[PDB]
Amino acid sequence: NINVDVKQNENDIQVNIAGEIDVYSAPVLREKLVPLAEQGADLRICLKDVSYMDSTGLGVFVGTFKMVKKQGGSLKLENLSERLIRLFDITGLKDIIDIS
């Protein structure tokens, strides 16, 4: 399943995601994190504990990025697998989203 931990402090939000981001758990993730890019803010997403992801998770991550940009925010995704980074590469999204 999936867990999401939001702790907003100082107008900058660290989010840790854990578990599986698939067709079943993606609307839950999108919903919990869709507005924070609708206001725009200083956003940090920790993908340390994601064990599975497909194009459904990639779709929401490009969805949050677009809103942070339309408008007024920052977005970093950090602590990614060697292969989660592989995945963002393979899909033409590595050089348009901040990855760590």
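Start at 1 with the first residue shown and count on from there.
Just going by the entry, 79-87 versus 10-18 on mean CA temperature factor gives the higher value to 10-18.
Just going by the entry, 69-77 versus 55-63 on mean CA temperature factor gives the higher value to 69-77.
Among all modelled residues in its chain, residue 26 ranks in the lowest third by Cα B-factor.
Among all modelled residues in its chain, residue 46 ranks in the middle third by Cα B-factor.
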